[PDB]
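Letter by letter, the sequence shown follows residues 833 to 953 in the numbering used here.
Ideal Cβ positions, reconstructed from N, Cα and C, are used throughout, including at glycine.
Comments concern the structure below.
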Amino acid sequence: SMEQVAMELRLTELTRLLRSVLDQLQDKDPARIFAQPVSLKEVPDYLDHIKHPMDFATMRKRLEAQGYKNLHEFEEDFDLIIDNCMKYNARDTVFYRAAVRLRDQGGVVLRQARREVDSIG
Numbered sequence: 833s834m835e836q837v838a839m840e841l842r843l844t845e846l847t848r849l850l851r852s853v854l855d856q857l858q859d860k861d862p863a864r865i866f867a868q869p870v871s872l873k874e875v876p877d878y879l880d881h882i883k884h885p886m887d888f889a890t891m892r893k894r895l896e897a898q899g900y901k902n903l904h905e906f907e908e909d910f911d912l913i914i915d916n917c918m919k920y921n922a923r924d925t926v927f928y929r930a931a932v933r934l935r936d937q938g939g940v941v942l943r944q945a946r947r948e949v950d951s952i953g
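Dropping the structure here:
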């Protein structure tokens, strides 16, 4: 149907926007602390601590399969990256501090993305 196609064009355009949002968010992590999943070889207990791990590569795979239906879903995943790190790592660590910075700097980017997704519909 033409109705199906038009929804698919909307999903594709949301996907393009979210890829530009993702690149911008990831520039706020120059140290690449959140680039990849936590290794279960190097933190074997990780899953006793954190129930839903998240990282930028995993967000990127989901994105290329057009697996984000809206901005809310994308934001949930971004927030997991941050929130997981702040629980697992103590306040005085390079990891916790990098999450605080990503959050503060990410908030600006997401403030305008929310306006662009409403705006372009």
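Residue i versus the options, residue with shortest Cα-Cα distance
| i | options | result |
| --- | --- | --- |
| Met839 | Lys901, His881, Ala930 | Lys901 |
| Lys860 | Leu895, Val932, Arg946 | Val932 |
| residue 814 | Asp877, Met918, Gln868, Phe888 | Outside the modelled stretch of the chain, which goes from 833 to 953, sits residue 814, for which no answer is possible. |
For residue i, three-class secondary structure by DSSP
| i | result |
| --- | --- |
| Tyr928 | helix |
| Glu905 | helix |
| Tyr878 | helix |
Local Cβ density within 10 Å of residue i, reported as buried at 16 or more and exposed below that
| i | result |
| --- | --- |
| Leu854 | buried |
| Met834 | exposed |
| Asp936 | exposed |
Proximity below 8 Å, CB of residue i to CB of residue j
| i | j | result |
| --- | --- | --- |
| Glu908 | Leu942 | no |
| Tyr920 | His881 | yes |
| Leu843 | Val949 | no |
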